[PDB]
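Protein chains in written order, with full-length UniProt numbering: chain B, 349 to 416; chain H, 8 to 121, 127 to 416; chain G, 8 to 119, 127 to 416; chain Z, 213 to 280.
Each residue gets a CB set at the ideal place from its N, CA and C atoms; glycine is no exception.
One structure is given here, and the rest of the page talks about it.
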């Protein structure tokens with residue numbers, strides 16, 4: 349998901365989706381266990397990730413703007 | 008179709024456990040499941056098959072025993088039997104859950120900090141159609157009917173009419189024809205038991221053995237040696253104290269325990285469980301009413317597994333667990349489903365249900381996390397708990413029997 | 008409540024076929040369905056009723072026969088029996104599907127999962143009482159065999175309460191088993207009404223369709239199986255003593271029910287009673303007529319040989335002539351078992367298309383398939399009747415061996 | 213009409229094609245004999261009409277959707 353990373357909680361979704369690809373499916377009750385720990389911390393890890401995204405959005409704007 | 012007896016089972020068990028534990032470590036746990044599992048099932052299939060006739064039929068006949076007492080007594084005794092075994096099992100679990108301390112690697116604490129009617133389950137005992145009862149599974153209403161039928165047959169034989177006294181015999185004999193017929197099959201099955209046992213704890217060791225590692229393994233220690241201590245210190249102490257020879261007991265009860273461990277199903281082993289009580293030499297008037305009412309009333313297993321697992325979680329979310337107030341939660345767990353502990357995987361369910369009561373709901377993604385670890389080890393923790401239940405079932409039978 | 012015997016059936020059949028085929032041509036096919044059908048059902052009803060007791064009961068008693076062989080043998084034989092009849096049925100269908108060429112008027116060309131082990135484990139019921147209750151032939155089969163073998167062993171018990179009760183049960187069960195054969199004739203007295211009413215409707219609601227290129231599949235079925243009876247079964251009855259015309263004599267009623275009930279298993283009461291009155295022992299026919307009804311492929315092999323052609327040739331394809339078999343064999347082998355249900359033939363035919371690569375979505379695949387579905391009942395009658403003829407043939411030959 | 217000819221062209225064969233004939237020339241005859249007869253009879257020049265309406269017809273035929 350190059351695109352559509354804007355929605356809150358999205359990070360957790362891909363993290364799960366990767367496990368489908370890794371070959372460790374979320375059924376395996378210890379895969380699901382560790383994943384659940386991340387889910388008990390995702391909101392904290394989401395705040396920082398979005399704030400650094402919107403800092404990166406303006407940085408990208410102000411640099412391209414000060415060109416074209 | 009020949010060869011050595013119940014060492015053939017022990018050849019399957021040890022050889023399976025090894026070949027499965029190996030095969031799942033190298034990841035083929037799924038491939039083991041698609042190739043091995045179905046021979047392990049075909050064993051449990053054939054055993055299940057019998058469970059309905061072999062109980063129903065045996066217990067109509069088992070009401071040929073003296074009805075007012077025997078089925079009025081013993082029931083009173085075998086109830087009070089499980090009270091005083093489950094009491095010991097609780098304190099043996101708690102004192103195993105402190106001994107081993109499963110809550111060190113996690114260590115990962117999350118805050119928090121924070127419906128059965130019975131009467132509408134009591135009225136369920138009494139079926140409203142005994143034919144359906146039998147048909148659609150159901151052990152504990154079929155129990156009630158069979159007892160009420162065989163008592164009624166007893167009373168028909170004492171009828172001054174002799175067409176009545178006549179037919180009365182016909183039915184009861186024909187029913188014992190079945191009852192017996194099934195014990196015949198139970199050995200026919202047993203000849204497939206080494207294949208069954210090999211294939212079952214091959215898979216169950218592949219798909220949940222690898223998990224028995226680290227802090228997870230520290231619960232499996234306090235279960236497996238915790239129940240090993242229930243056998244030796246509580247049951248043999250009761251067998252010794254009631255005549256019946258402890259080692260001669262394991263001799264006879266070998267096959268019922270090796271099936272209970274591998275089938276992981278209390279009720280699903282009752283054919284074998286009962287045949288061991290025949291060949292042990294108890295009368296049908298007891299074992300036909302104490303081995304099924306055992307499989308569904310026995311708490312020795314769940315009291316010992318949700319004693320050490322209740323700790324693991326309370327201690328993994330980094331809590332005091334009110335040491336010595338463990339019991340408050342462990343007792344209330346058992347008592348929430350005194351009955352209906354026979355189904356496989358039931359232990360996990362109550363463990364979850366307790367958390368609803370503790371105040372830590374399964375939503376809290378770290379509650380759910382720790383619980384999920386137990387769920388990756390439940391099958392291993394289930395085998396031992398059922399095997400120690402069906403050992404406790406026969407121990408209860410052979411002691412009450414050698415009284416009344 | 009009296010009158011002539013099984014000519015009364017043949018009076019119903021011919022008189023019904025005519026009155027129905029007539030009545031549906033003039034469109035009252037629906038009205039026939041709301042007035043005639045329910046007397047045709049009441050026949051299949053009463054027959055169905057028996058199927059469970061009459062099989063279960065008969066086969067506990069049929070394990071009074073010598074268990075290690077007989078139920079260990081024959082099973083080996085009757086399996087290998089159907090192998091060598093279905094083989095002949097396949098090549099009799101393909102060589103009927105070339106002979107008649109059903110794919111000329113269309114001519115309209117468009118481009119273009128079973129585990130087994132989790133069906134093998136289904137043979138063993140987990141509750142025999144339920145098994146019986148909730149239909150189910152092939153797990154009831156397995157129980158009854160296992161019971162009657164167990165009873166056998168109880169009689170050789172040194173105890174004589176045991177040896178006692180053992181008898182009681184087995185006798186009481188044979189009481190039932192027998193009781194049911196008694197009813198099977200009670201039913202048969204309603205068989206002329208049942209037959210008349212059934213192929214009255216089935217000829218009204220699907221007879222009119224047996225016309226044109228559709229009729230050119232009905233030819234290669236009906237004469238294709240007529241040739242299975244004469245050239246494959248009689249050749250096997252002749253070659254194993256048992257007299258071919260004395261066989262049809264005795265098996266008259268089981269074939270006329272199989273044709274009209276269109277249900278293999280739904281005729282087993284009559285099918286079995288013909289094997290009693292024929293004189294085979296329960297130790298054989300109680301295990302080869304039900305394991306026949308569900309393992310027999312003579313019908314589906316001959317109907318999805320000529321219907322497989324019709325579709326492949328109606329979408330204007332080569333059909334890899336002489337490589338018909340690749341598809342026809344794979345069809346049979348996809349449901350070796352469980353061919354007993356009525357309408358089953360249509361299902362596999364569809365399922366084959368999933369494998370051929372022409373899915374039922376392609377609105378001309380679905381078009382040709384829908385024509386077969388407007389004729390399936392006529393093609394089903396003949397296929398079942400030749401199955402239950404093949405069932406008794408298999409029985410009477412294996413029986414007159416072991 | 214690459215796809216629409218792949219997925220339903222092959223079918224335009226035999227008795228099915230005999231409906232496609234009576235449609236396609238049946239409407240070709242609606243254009244010429246009914247519409248041009250009305251365009252002729254109301255001034256507006258028939259061939260100058262197709263000139264202008266070229267693109268609306270080649271979209272209607274391919275989009276297969278009146279309103280679209």
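Reference residue i; option with closest CA among the options
i: residue 383 of chain H; options: B/408, B/385, B/350 and B/389; result: B/385
i: residue 402 of chain H; options: H/129, H/242 and H/102; result: H/242
i: residue 320 of chain G; options: G/310, G/341 and G/304; result: G/341
i: residue 52 of chain H; options: G/60, G/98, G/25 and G/138; result: G/138
i: residue 175 of chain G; options: H/169, H/191 and H/171; result: H/191
i: residue 61 of chain H; options: H/296, H/351 and H/308; result: H/296
i: residue 152 of chain G; options: G/306, G/116 and G/117; result: G/306
i: residue 226 of chain G; options: G/112, G/145, G/213 and G/189; result: G/112
i: residue 125 of chain G; options: G/33, G/410 and G/14; result: Residue numbering in chain G jumps from 119 to 127; residue 125 of chain G, which lies between, is not modelled.
i: residue 208 of chain G; options: G/47, G/11 and G/366; result: G/47
i: residue 210 of chain G; options: G/40, G/178 and G/180; result: G/40
i: residue 219 of chain G; options: G/20, G/414, G/130 and G/44; result: G/44
i: residue 345 of chain G; options: G/328, G/332 and G/370; result: G/370
i: residue 25 of chain G; options: G/222, G/144, G/42 and G/50; result: G/222
i: residue 270 of chain G; options: G/17, G/130 and G/358; result: G/17
i: residue 10 of chain G; options: G/203, G/233, G/381 and G/357; result: G/203
i: residue 31 of chain G; options: G/59, G/214 and G/310; result: G/214
i: residue 116 of chain H; options: H/367, H/348, H/327 and H/309; result: H/327
i: residue 388 of chain G; options: G/293, G/224 and G/374; result: G/224
i: residue 188 of chain G; options: G/254, G/162, G/377 and G/105; result: G/162
i: residue 347 of chain H; options: H/322, H/314, H/205 and H/325; result: H/314
i: residue 377 of chain B; options: H/381, H/416 and H/392; result: H/381
i: residue 343 of chain H; options: H/366, H/234, H/358 and H/84; result: H/366
Residue interval of the alpha helix (DSSP H) (run including residue i)
i: residue 65 of chain G; result: 44-68
i: residue 131 of chain G; result: 131-134
i: residue 368 of chain G; result: 358-370
i: residue 25 of chain G; result: 14-32
i: residue 311 of chain G; result: Unbroken run through residue 311 of chain G: none, as it is neither H nor E.
i: residue 220 of chain Z; result: 215-221
i: residue 199 of chain G; result: 176-202
i: residue 390 of chain G; result: 390-413
i: residue 117 of chain H; result: Taken as a continuous stretch (DSSP letters only), residue 117 of chain H belongs to no alpha helix (DSSP H), as it is neither H nor E.
i: residue 380 of chain H; result: 379-387
i: residue 338 of chain H; result: 338-348
i: residue 142 of chain G; result: 142-147
i: residue 293 of chain H; result: Taken as a continuous stretch (DSSP letters only), residue 293 of chain H belongs to no alpha helix (DSSP H), as it is neither H nor E.
i: residue 82 of chain G; result: 82-104
i: residue 267 of chain G; result: 266-275
i: residue 156 of chain G; result: 154-169
Problem set entry | the region 231-240 of chain G contacting the region 385-401 of chain G, beta-carbon criterion three pairs below 8 Å | yes
Exercise. Is there contact here, the region 262-274 of chain G with the region 360-371 of chain G, by at least three beta-carbon pairs under 8 Å?
Worked result: no
For this session: Kindly confirm or deny that the region 248-263 of chain G and the region 271-287 of chain G touch, where touching means at least three C-beta pairs closer than 8 Å.
Result: no
Exercise. Residue ranges of each beta strand (DSSP E) run of no fewer than 3 residues wholly in the region 223-258 of chain Z, ordered along the chain?
Worked result: none
For this session: Please confirm if the region 55-71 of chain G is in contact with the region 158-168 of chain G, defined as three or more CB-CB distances below 8 Å between the two stretches.
Result: Touching, per the Cβ criterion.
Problem set entry | Stretch-stretch touch, CB-based, cutoff 8 Å, three pairs: the region 280-294 of chain H with the region 197-207 of chain H | Between the region 280-294 of chain H and the region 197-207 of chain H there are three or more inter-stretch CB-CB distances shorter than 8 Å, so the stretches are counted as touching.
Exercise. With a cut-off of 8 Å, do at least 3 Cβ pairs link the region 87-104 of chain G to the region 334-352 of chain G?
Worked result: yes
Exercise. Does the region 78-89 of chain G come close enough to the region 167-182 of chain G to have 3 or more Cβ pairs within less than 8 Å?
Worked result: no
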